[PDB]
file structure.cif (mmCIF, C-alpha atoms)
data_run
loop_
_atom_site.label_atom_id
_atom_site.label_comp_id
_atom_site.auth_asym_id
_atom_site.auth_seq_id
_atom_site.Cartn_x
_atom_site.Cartn_y
_atom_site.Cartn_z
CA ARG A 1 -1.22 21.52 -0.59
CA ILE A 2 0.37 19.80 2.45
CA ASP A 3 -3.10 19.33 3.91
CA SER A 4 -4.53 18.15 0.56
CA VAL A 5 -1.81 15.51 0.21
CA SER A 6 -1.96 14.52 3.91
CA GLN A 7 -5.62 13.65 3.38
CA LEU A 8 -4.19 10.71 1.38
CA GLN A 9 -1.98 9.40 4.20
CA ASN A 10 -3.29 5.91 5.03
CA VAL A 11 -5.60 5.39 2.04
CA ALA A 12 -3.65 2.63 0.29
CA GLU A 13 -3.14 0.50 3.42
CA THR A 14 -6.89 0.58 3.99
CA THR A 15 -8.12 0.48 0.39
CA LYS A 16 -6.10 -2.66 -0.32
CA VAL A 17 -8.38 -4.16 2.35
CA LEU A 18 -11.44 -2.37 0.91
CA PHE A 19 -10.91 -3.76 -2.60
CA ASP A 20 -10.42 -7.37 -1.48
CA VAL A 21 -13.10 -7.60 1.20
CA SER A 22 -15.54 -5.69 -1.03
CA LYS A 23 -15.17 -8.06 -3.98
CA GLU A 24 -15.34 -11.03 -1.58
CA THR A 25 -18.62 -9.78 -0.12
CA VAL A 26 -19.84 -9.33 -3.70
CA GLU A 27 -18.75 -12.70 -4.97
CA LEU A 28 -19.02 -15.23 -2.11
CA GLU A 29 -22.75 -15.84 -2.70
CA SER A 30 -22.97 -18.33 -5.57
CA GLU A 31 -23.49 -20.79 -2.70
CA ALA A 32 -26.66 -18.84 -1.93
CA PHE A 33 -27.57 -18.92 -5.63
CA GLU A 34 -27.31 -22.71 -5.73
CA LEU A 35 -29.20 -22.76 -2.44
CA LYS A 36 -31.94 -20.73 -4.18
CA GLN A 37 -32.20 -23.50 -6.76
CA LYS A 38 -32.98 -26.02 -4.00
CA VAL A 39 -35.31 -23.54 -2.27
CA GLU A 40 -37.46 -23.04 -5.36
CA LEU A 41 -37.43 -26.81 -5.96
CA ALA A 42 -38.79 -27.50 -2.46
CA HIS A 43 -41.17 -24.57 -2.99
CA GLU A 44 -42.62 -26.26 -6.07
CA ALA A 45 -42.76 -29.61 -4.25
CA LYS A 46 -44.68 -28.10 -1.32
CA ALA A 47 -47.00 -26.35 -3.79
CA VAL A 48 -47.85 -29.49 -5.74
CA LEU A 49 -48.41 -31.60 -2.65
CA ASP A 50 -50.65 -28.81 -1.38
CA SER A 51 -52.52 -29.29 -4.67
CA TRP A 52 -52.77 -33.05 -4.06
CA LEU B 1 -42.47 12.07 9.45
CA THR B 2 -45.84 12.23 7.70
CA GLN B 3 -44.55 10.50 4.59
CA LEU B 4 -42.63 8.19 6.94
CA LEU B 5 -45.59 6.59 8.69
CA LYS B 6 -47.22 5.20 5.57
CA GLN B 7 -47.26 1.43 5.50
CA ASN B 8 -48.61 -1.05 3.02
CA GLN B 9 -51.18 -3.68 3.87
CA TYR B 10 -49.94 -7.06 5.17
CA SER B 11 -46.67 -5.38 6.18
CA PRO B 12 -46.41 -5.42 9.97
CA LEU B 13 -43.21 -4.20 11.59
CA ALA B 14 -41.54 -5.60 14.68
CA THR B 15 -40.54 -3.27 17.51
CA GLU B 16 -36.84 -3.83 16.76
CA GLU B 17 -37.73 -2.67 13.24
CA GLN B 18 -39.79 0.31 14.38
CA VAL B 19 -37.19 1.78 16.78
CA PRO B 20 -34.53 2.98 14.27
CA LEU B 21 -37.03 4.71 11.99
CA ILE B 22 -38.23 6.70 15.00
CA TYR B 23 -34.66 7.42 16.07
CA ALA B 24 -33.87 8.73 12.60
CA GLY B 25 -37.08 10.74 12.47
CA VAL B 26 -36.50 12.47 15.78
CA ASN B 27 -32.90 13.47 15.15
CA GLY B 28 -33.54 15.31 11.88
CA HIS B 29 -31.58 12.93 9.66
CA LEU B 30 -34.47 12.63 7.21
CA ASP B 31 -34.40 16.36 6.49
CA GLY B 32 -31.68 16.22 3.85
CA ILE B 33 -33.26 13.16 2.28
CA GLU B 34 -35.84 13.82 -0.43
CA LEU B 35 -39.48 13.57 0.61
CA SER B 36 -40.14 10.97 -2.09
CA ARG B 37 -36.96 9.09 -1.17
CA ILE B 38 -38.26 8.23 2.34
CA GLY B 39 -40.14 5.11 1.24
CA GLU B 40 -37.16 3.41 -0.32
CA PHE B 41 -34.99 4.82 2.49
CA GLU B 42 -37.02 2.91 5.07
CA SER B 43 -36.54 -0.52 3.51
CA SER B 44 -32.97 0.39 2.56
CA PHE B 45 -31.99 1.29 6.11
CA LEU B 46 -33.82 -1.75 7.47
CA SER B 47 -31.99 -4.13 5.13
CA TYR B 48 -28.85 -2.21 6.01
CA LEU B 49 -29.27 -2.91 9.71
CA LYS B 50 -30.47 -6.49 9.22
CA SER B 51 -27.38 -7.06 7.14
CA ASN B 52 -25.06 -5.34 9.56
CA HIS B 53 -26.35 -4.17 12.94
CA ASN B 54 -28.34 -7.34 13.52
CA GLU B 55 -26.87 -7.44 17.03
CA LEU B 56 -28.63 -4.15 17.81
CA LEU B 57 -31.89 -5.62 16.52
CA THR B 58 -31.43 -8.53 18.91
CA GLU B 59 -30.67 -6.04 21.69
CA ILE B 60 -33.94 -4.22 21.08
CA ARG B 61 -35.72 -7.58 20.91
CA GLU B 62 -34.25 -8.85 24.17
CA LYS B 63 -34.40 -5.65 26.19
CA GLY B 64 -37.22 -3.60 24.77
CA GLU B 65 -35.23 -0.76 26.30
CA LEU B 66 -32.31 1.28 25.01
CA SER B 67 -29.31 1.93 27.21
CA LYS B 68 -26.96 4.85 26.59
CA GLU B 69 -24.47 2.50 24.96
CA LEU B 70 -27.24 1.09 22.77
CA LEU B 71 -28.27 4.71 22.16
CA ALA B 72 -24.83 5.76 20.93
CA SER B 73 -24.31 2.57 18.93
CA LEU B 74 -27.72 3.21 17.40
CA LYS B 75 -26.62 6.78 16.67
CA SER B 76 -23.50 5.60 14.86
CA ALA B 77 -25.41 2.90 12.98
CA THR B 78 -27.98 5.48 11.85
CA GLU B 79 -25.54 8.24 10.89
CA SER B 80 -23.52 5.72 8.90
CA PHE B 81 -26.38 5.05 6.49
CA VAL B 82 -27.53 8.67 6.86
CA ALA B 83 -24.25 9.52 5.10
CA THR B 84 -26.09 8.01 2.12
CA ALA C 1 -18.57 -10.76 10.78
CA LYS C 2 -19.59 -8.59 7.85
CA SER C 3 -20.22 -5.65 10.21
CA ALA C 4 -16.48 -4.92 10.30
CA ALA C 5 -16.45 -4.94 6.48
CA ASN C 6 -19.32 -2.46 6.42
CA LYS C 7 -17.64 -0.37 9.12
CA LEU C 8 -14.63 -0.23 6.81
CA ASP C 9 -17.08 0.59 4.00
CA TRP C 10 -18.44 3.66 5.80
CA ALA C 11 -14.88 4.64 6.71
CA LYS C 12 -14.24 4.49 2.97
CA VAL C 13 -17.39 6.54 2.36
CA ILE C 14 -16.23 9.32 4.69
CA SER C 15 -12.84 9.07 3.00
CA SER C 16 -14.49 8.89 -0.45
CA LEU C 17 -15.67 12.37 0.36
CA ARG C 18 -12.12 13.13 -0.83
CA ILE C 19 -13.01 11.60 -4.24
CA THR C 20 -16.44 12.81 -5.35
CA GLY C 21 -17.63 11.10 -8.50
CA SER C 22 -16.79 7.47 -7.86
CA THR C 23 -18.58 5.87 -10.79
CA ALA C 24 -18.86 2.23 -9.76
CA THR C 25 -17.08 1.74 -6.40
CA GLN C 26 -20.15 3.02 -4.57
CA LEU C 27 -22.09 0.95 -7.12
CA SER C 28 -19.93 -2.01 -6.06
CA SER C 29 -21.01 -1.37 -2.46
CA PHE C 30 -24.55 -1.09 -3.84
CA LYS C 31 -24.31 -4.49 -5.55
CA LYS C 32 -22.80 -6.17 -2.49
CA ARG C 33 -25.57 -4.74 -0.31
CA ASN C 34 -28.13 -5.82 -2.93
CA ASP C 35 -27.14 -9.45 -3.15
CA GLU C 36 -26.33 -9.59 0.58
CA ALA C 37 -29.89 -8.47 1.32
CA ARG C 38 -31.04 -11.00 -1.28
CA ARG C 39 -29.15 -13.91 0.29
CA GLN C 40 -30.16 -13.10 3.86
CA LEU C 41 -33.85 -13.01 2.92
CA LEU C 42 -33.24 -16.14 0.88
CA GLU C 43 -31.82 -18.07 3.83
CA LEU C 44 -34.40 -16.68 6.25
CA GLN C 45 -37.14 -17.47 3.72
CA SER C 46 -35.76 -20.99 3.31
CA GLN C 47 -37.49 -23.86 5.07
CA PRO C 48 -35.87 -27.15 5.80
CA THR C 49 -36.13 -27.85 2.09
CA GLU C 50 -38.07 -31.10 2.21
CA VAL C 51 -41.48 -32.74 2.18
CA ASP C 52 -42.48 -33.93 5.65
CA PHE C 53 -42.74 -37.69 5.18
CA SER C 54 -44.16 -38.10 8.70
CA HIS C 55 -46.96 -35.53 8.76
CA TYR C 56 -47.36 -33.88 5.36
CA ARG C 57 -47.07 -37.14 3.42
CA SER C 58 -49.54 -38.93 5.71
CA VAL C 59 -51.90 -35.97 5.34
CA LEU C 60 -52.45 -37.17 1.78
CA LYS C 61 -54.10 -40.56 2.32
CA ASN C 62 -54.10 -40.98 -1.49
CA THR C 63 -50.32 -40.67 -1.54
CA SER C 64 -49.31 -42.07 -4.96
CA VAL C 65 -46.76 -39.34 -5.87
CA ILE C 66 -45.15 -38.33 -2.58
CA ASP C 67 -42.66 -41.18 -2.75
CA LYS C 68 -42.05 -40.15 -6.38
CA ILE C 69 -41.45 -36.46 -5.69
CA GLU C 70 -39.63 -37.26 -2.44
CA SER C 71 -37.13 -39.49 -4.23
CA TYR C 72 -37.06 -36.83 -6.95
CA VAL C 73 -35.86 -34.28 -4.39
CA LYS C 74 -33.47 -36.81 -2.80
CA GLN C 75 -32.29 -37.55 -6.34
CA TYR C 76 -31.48 -33.88 -6.90
CA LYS C 77 -30.26 -33.54 -3.28
CA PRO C 78 -26.82 -33.02 -4.88
CA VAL C 79 -28.21 -29.89 -6.58
CA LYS C 80 -25.10 -28.29 -8.15
CA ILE C 81 -21.71 -27.20 -6.82
CA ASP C 82 -20.87 -23.52 -6.40
CA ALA C 83 -18.59 -21.26 -8.47
CA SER C 84 -15.19 -20.62 -6.90
CA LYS C 85 -13.89 -20.22 -10.43
CA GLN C 86 -12.05 -16.91 -10.08
CA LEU C 87 -8.58 -17.33 -8.68
CA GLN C 88 -6.63 -15.93 -11.68
CA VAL C 89 -8.36 -12.79 -12.93
CA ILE C 90 -9.41 -11.62 -9.44
CA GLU C 91 -5.79 -11.81 -8.29
CA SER C 92 -4.88 -9.70 -11.31
CA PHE C 93 -7.43 -7.08 -10.23
CA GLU C 94 -5.95 -6.96 -6.73
CA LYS C 95 -2.48 -7.04 -8.31
CA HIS C 96 -3.22 -3.79 -10.16
CA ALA C 97 -4.78 -2.61 -6.88
CA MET C 98 -1.65 -3.29 -4.82
CA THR C 99 0.46 -1.85 -7.66
CA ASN C 100 -1.27 1.53 -7.91
CA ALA C 101 -1.83 1.58 -4.14
CA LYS C 102 1.85 1.18 -3.27
CA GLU C 103 2.71 3.72 -5.99
CA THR C 104 0.37 6.22 -4.32
CA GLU C 105 1.52 5.29 -0.80
CA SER C 106 5.23 5.65 -1.54
CA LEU C 107 4.63 8.91 -3.41
CA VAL C 108 2.61 10.49 -0.59
CA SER C 109 4.99 9.20 2.10
CA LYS C 110 7.81 10.89 0.21
CA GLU C 111 5.99 14.13 -0.61
CA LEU C 112 4.63 14.64 2.93
CA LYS C 113 8.12 15.00 4.39
CA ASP C 114 9.23 16.75 1.18
CA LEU C 115 6.66 19.52 1.57
CA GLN C 116 7.26 19.65 5.32
CA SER C 117 10.91 20.32 4.48
CA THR C 118 9.69 22.90 1.96
CA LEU C 119 7.74 24.60 4.77
CA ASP C 120 10.82 24.55 7.01
CA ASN C 121 12.83 25.96 4.09
CA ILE C 122 10.34 28.81 3.74
CA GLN C 123 10.48 29.28 7.52
CA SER C 124 14.11 30.36 7.99
CA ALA C 125 15.28 31.31 4.47
CA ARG C 126 13.25 34.40 3.52
CA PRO C 127 15.58 37.37 2.80
CA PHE C 128 12.66 39.54 1.71
CA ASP C 129 14.58 42.79 2.39
CA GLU C 130 18.10 41.80 1.29
CA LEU C 131 17.87 39.34 -1.62
CA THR C 132 19.90 39.96 -4.77
CA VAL C 133 18.48 39.98 -8.30
CA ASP C 134 21.72 38.32 -9.37
CA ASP C 135 20.76 35.60 -6.89
CA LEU C 136 17.43 35.53 -8.75
CA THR C 137 19.22 35.07 -12.08
CA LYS C 138 21.33 32.41 -10.36
CA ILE C 139 18.30 30.59 -8.95
CA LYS C 140 16.43 31.15 -12.25
CA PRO C 141 18.26 31.68 -15.57
CA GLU C 142 14.75 31.87 -17.05
CA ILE C 143 14.84 35.42 -15.63
CA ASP C 144 17.88 36.24 -17.77
CA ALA C 145 16.32 34.54 -20.81
CA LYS C 146 13.08 36.52 -20.53
CA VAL C 147 14.99 39.77 -19.90
CA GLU C 148 17.23 39.28 -22.95
CA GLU C 149 14.34 38.17 -25.18
CA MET C 150 12.24 41.08 -23.90
CA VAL C 151 15.01 43.43 -24.94
CA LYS C 152 15.68 41.77 -28.30
CA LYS C 153 12.10 41.51 -29.51
CA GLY C 154 11.44 45.01 -28.21
CA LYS C 155 8.32 44.45 -26.08
CA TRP C 156 9.56 47.06 -23.61
CA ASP C 157 6.15 47.00 -21.97
CA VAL C 158 6.18 44.81 -18.86
CA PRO C 159 2.60 43.43 -18.93
CA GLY C 160 0.95 42.45 -15.69
CA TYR C 161 3.42 44.50 -13.64
CA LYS C 162 1.60 47.81 -13.19
CA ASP C 163 -1.36 46.22 -11.37
CA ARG C 164 0.32 45.15 -8.13
CA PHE C 165 3.53 47.15 -8.69
CA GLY C 166 2.50 50.65 -9.67
CA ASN C 167 4.44 52.79 -12.11
CA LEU C 168 4.98 55.53 -9.48
CA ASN C 169 6.01 58.06 -12.12
CA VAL C 170 5.20 61.74 -12.59
CA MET C 171 2.38 61.12 -15.07
#

call {"tool": "encode", "arguments": {"input": "structure.cif", "output": "structure tokens"}}
result
Amino acid sequence: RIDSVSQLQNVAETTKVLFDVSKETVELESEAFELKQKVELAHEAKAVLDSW
Amino acid sequence: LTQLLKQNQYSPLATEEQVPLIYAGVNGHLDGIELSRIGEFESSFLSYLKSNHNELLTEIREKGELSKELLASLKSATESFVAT
Amino acid sequence: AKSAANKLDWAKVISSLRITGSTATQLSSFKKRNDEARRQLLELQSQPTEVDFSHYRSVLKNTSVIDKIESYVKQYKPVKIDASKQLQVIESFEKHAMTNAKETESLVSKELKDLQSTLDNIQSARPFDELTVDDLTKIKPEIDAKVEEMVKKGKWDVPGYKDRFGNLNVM
């Protein structure tokens, strides 16, 4: 039981970093979403001038 | 390794991309993975490295030759995603 | 700089071996890898998002729309701002995180030395040849309660005794 508890020694100090940096790496990409809007716009513009 | 080397048309692979698949295939890491899972595992591990060990990809691009440090860093970077 | 975050992620995978059956934390790593792979291919796929007015406009000698669509793109050149909307519910999630984390951390930092002291207590305080049953009634009055109730109800059988402690009688 000592060994089973001592497996949980430095979990909290590291998982408080895990939680934060994990949700940041999830959720810091709406910039890329709004970049995708401009990318598909320029994609359509290149396509239609290719048609012209 | 047989199910590994399939490759769709119009899908060439750079040398920096081809190295880690070989390094995983030699060192038996694919053995615990399902035989059908290999195809998604390839692209998964590639996007894994391109996301993360992009420096190692540049090292393979620049050198074309793996040092022992690149070998061990490659080993760690493989066995990381081999844990999934 | 995300390589340190993913190094910490695989450290949390080899420590999440201690918790098998994580329903959506590994799925949270899955979603962050998914949209990270999406955004890196999106930025590598991205051109300089424009129509080349020098070459690719003058390729069309019958131009007539390239000024129109070019000023249409330069019109929507302020596309849309991003979404840094969460600063109130996300801090509540990490508030519950720091709450339960420091609960766990304080409890394990107490109980580690507590059970180490329990091991040291078992180390030098085992009178396994000279302990008194009155000291057992003193350390546990539950002994006296079960003895008196075992007499008063009349279940003079002692069940589960004869297996490891044989009856050593004549018959």

call {"tool": "interface_residues", "arguments": {"input": "structure.cif", "of": "chain A", "to": "chain C", "cutoff": "7 Å", "atoms": "only C-alpha atoms", "output": "ChimeraX atom specification"}}
result
/A:2,5-6,9,12,16,20-21,25-26,30-32,34,36,38-39,42,46

call {"tool": "resolve_selection", "arguments": {"input": "structure.cif", "expression": "the PyMOL selection byres ((chain C) within 7 of (chain B))", "output": "ChimeraX atom specification"}}
result
/C:2-3,10,37

call {"tool": "atom_distance", "arguments": {"input": "structure.cif", "atom1": "atom CA of residue B:23", "atom2": "atom CA of residue B:4"}}
result
12.1 Å

call {"tool": "resolve_selection", "arguments": {"input": "structure.cif", "expression": "the PyMOL selection byres ((chain B and resi 71) around 12)", "output": "count of residues only"}}
result
20

call {"tool": "atom_distance", "arguments": {"input": "structure.cif", "atom1": "atom CA of residue B:62", "atom2": "atom CA of residue B:9"}}
result
26.9 Å

call {"tool": "resolve_selection", "arguments": {"input": "structure.cif", "expression": "the PyMOL selection byres ((chain B and resi 5) around 12)", "output": "MDAnalysis selection string"}}
result
chainID B and resid 1:4 6:8 13 18 21:22 25 38:39 42

call {"tool": "atom_distance", "arguments": {"input": "structure.cif", "atom1": "atom CA of residue C:155", "atom2": "atom CA of residue C:140"}}
result
20.8 Å

call {"tool": "decode", "arguments": {"input": "structure.cif", "residues": "stretch 68-90 of chain C", "atoms": "N, CA and C atoms", "output": "mmCIF file, in the first residue's frame"}}
result
data_model
loop_
_atom_site.group_PDB
_atom_site.id
_atom_site.type_symbol
_atom_site.label_atom_id
_atom_site.label_comp_id
_atom_site.auth_asym_id
_atom_site.auth_seq_id
_atom_site.Cartn_x
_atom_site.Cartn_y
_atom_site.Cartn_z
ATOM 1 N N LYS C 68 -12.107 43.538 -59.555
ATOM 2 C CA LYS C 68 -13.301 43.320 -58.743
ATOM 3 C C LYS C 68 -13.045 42.302 -57.636
ATOM 4 N N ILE C 69 -12.541 41.117 -57.994
ATOM 5 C CA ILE C 69 -12.301 40.101 -56.978
ATOM 6 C C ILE C 69 -11.089 40.437 -56.120
ATOM 7 N N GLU C 70 -10.148 41.227 -56.641
ATOM 8 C CA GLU C 70 -8.994 41.638 -55.853
ATOM 9 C C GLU C 70 -9.405 42.622 -54.769
ATOM 10 N N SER C 71 -10.235 43.605 -55.125
ATOM 11 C CA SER C 71 -10.767 44.511 -54.116
ATOM 12 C C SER C 71 -11.828 43.833 -53.260
ATOM 13 N N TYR C 72 -12.377 42.710 -53.722
ATOM 14 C CA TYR C 72 -13.265 41.918 -52.882
ATOM 15 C C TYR C 72 -12.484 41.200 -51.789
ATOM 16 N N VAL C 73 -11.298 40.693 -52.130
ATOM 17 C CA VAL C 73 -10.436 40.066 -51.133
ATOM 18 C C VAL C 73 -9.854 41.115 -50.192
ATOM 19 N N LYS C 74 -9.374 42.239 -50.741
ATOM 20 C CA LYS C 74 -8.878 43.336 -49.911
ATOM 21 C C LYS C 74 -9.983 43.987 -49.092
ATOM 22 N N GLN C 75 -11.233 43.875 -49.540
ATOM 23 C CA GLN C 75 -12.368 44.283 -48.727
ATOM 24 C C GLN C 75 -12.505 43.385 -47.507
ATOM 25 N N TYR C 76 -12.478 42.073 -47.725
ATOM 26 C CA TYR C 76 -12.590 41.094 -46.657
ATOM 27 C C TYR C 76 -11.217 40.694 -46.113
ATOM 28 N N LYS C 77 -10.204 41.525 -46.336
ATOM 29 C CA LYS C 77 -8.880 41.364 -45.745
ATOM 30 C C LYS C 77 -8.933 41.444 -44.214
ATOM 31 N N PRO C 78 -9.791 42.304 -43.582
ATOM 32 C CA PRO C 78 -10.188 41.997 -42.198
ATOM 33 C C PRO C 78 -11.271 40.930 -42.151
ATOM 34 N N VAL C 79 -10.852 39.660 -42.133
ATOM 35 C CA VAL C 79 -11.743 38.510 -42.268
ATOM 36 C C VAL C 79 -12.734 38.438 -41.111
ATOM 37 N N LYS C 80 -12.218 38.174 -39.910
ATOM 38 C CA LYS C 80 -12.957 38.019 -38.664
ATOM 39 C C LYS C 80 -11.931 37.832 -37.559
ATOM 40 N N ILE C 81 -12.197 38.405 -36.395
ATOM 41 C CA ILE C 81 -11.317 38.234 -35.250
ATOM 42 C C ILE C 81 -11.508 36.840 -34.661
ATOM 43 N N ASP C 82 -10.557 36.435 -33.822
ATOM 44 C CA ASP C 82 -10.558 35.099 -33.238
ATOM 45 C C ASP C 82 -11.501 34.998 -32.044
ATOM 46 N N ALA C 83 -11.402 33.908 -31.285
ATOM 47 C CA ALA C 83 -12.289 33.677 -30.148
ATOM 48 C C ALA C 83 -11.448 33.393 -28.912
ATOM 49 N N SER C 84 -10.990 34.447 -28.246
ATOM 50 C CA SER C 84 -10.434 34.335 -26.897
ATOM 51 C C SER C 84 -11.512 34.610 -25.858
ATOM 52 N N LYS C 85 -12.642 33.916 -26.002
ATOM 53 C CA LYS C 85 -13.818 34.246 -25.209
ATOM 54 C C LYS C 85 -13.724 33.660 -23.811
ATOM 55 N N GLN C 86 -13.196 32.451 -23.689
ATOM 56 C CA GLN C 86 -13.089 31.802 -22.389
ATOM 57 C C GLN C 86 -11.979 32.450 -21.567
ATOM 58 N N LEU C 87 -12.383 33.133 -20.509
ATOM 59 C CA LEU C 87 -11.487 33.468 -19.416
ATOM 60 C C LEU C 87 -12.176 33.323 -18.071
ATOM 61 N N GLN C 88 -13.403 32.805 -18.041
ATOM 62 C CA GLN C 88 -14.222 32.693 -16.842
ATOM 63 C C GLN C 88 -14.626 31.264 -16.522
ATOM 64 N N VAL C 89 -15.016 30.484 -17.524
ATOM 65 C CA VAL C 89 -15.358 29.093 -17.270
ATOM 66 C C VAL C 89 -14.110 28.207 -17.286
ATOM 67 N N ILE C 90 -13.114 28.555 -18.107
ATOM 68 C CA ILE C 90 -11.870 27.800 -18.170
ATOM 69 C C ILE C 90 -11.081 27.946 -16.872
#
